[PDB]
Every structure is written in C-alpha cells, then in structure tokens.
C-alpha cells in the first residue's frame, strides 16, 4: 500500500527552514521555522509511481496555533499536485497525521513542498496507493 515514506528533513534542497529534534514517535528530526515562501525539495530521492491515478499523500504535522497550508508539487514548482490546510494540534510537538488525494502520472517523480503559510512543523510525508 505504501509507495514511499520520506522524512521531511531528508531534503536535497530547501529554503527558509531549519531542522530540530522531534519528540514524536520514532524520534529523529522535524522541519521547523516554516513560513510563507519556504520550501523543501526531494529531487535527490525520486519516487516511482507504478501507475497513473489517485494517490493518498499523508503529512505528519504539528502546529501550536494553526493557519498553515502547503502545496505538494514537483520540485521546481510544476505540475502542482494538491494543497492542504494544516490544523492546530495544540503544540509544536503535538503530532497528527493529515491526508489528501492527488492524481499522479506513472513514472519517476521528483517531489517538492511549498509553504503557503507558516505556523507548523513537518516530520515526514508518506505516499500511498488508494
């Protein structure tokens, strides 16, 4: 069912953010200090999509005050796959998993995330079949 899990800190390029220790399950790091304009590229780790169609994209997120949103896309900015609002979770290290669906073409993808509004932290992303 799982196509890929990508730890958010395992980006090949980024803008505007910093990693920090997470107390979420599994430990490790999350991406923090996210604001409008910031972005994360996973171009260095292309992900293979086996067939064209609907995929479920999950994000492990934390947000003290809510109000954030992101765009999931190809690295570089286009095509855009989808957008998602990031809810308040109650704290910077109070974690939850949110999800949406997007259409993806078959083949090798180089994904990216653009923050449209800040206020949240990101631990990992997961791409699943539907």
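Positions refer to the first chain, counted from 1.
J.: Quick one: higher average CA temperature factor, 96 to 104 or 22 to 30?
T.: Comparing averages over the C-alpha atoms only gives 22 to 30.
J.: Return whichever of 87 to 95 and 67 to 75 has the greater mean Cα B factor according to the PDB record.
T.: According to the PDB entry, the answer is 87 to 95.
J.: What third of the chain, by the recorded C-alpha B-factor, contains residue 82?
T.: Middle third by C-alpha B-factor.
J.: Which third of the chain holds residue 1 when residues are ordered by C-alpha B factor: lowest, middle or highest?
T.: Tercile = highest for this residue's CA B-factor.
J.: Would you check the entry's CA temperature factor for residue 54 and let me know if it's in the chain's lowest, middle or highest third?
T.: Middle third of the chain for residue 54's C-alpha B-factor.
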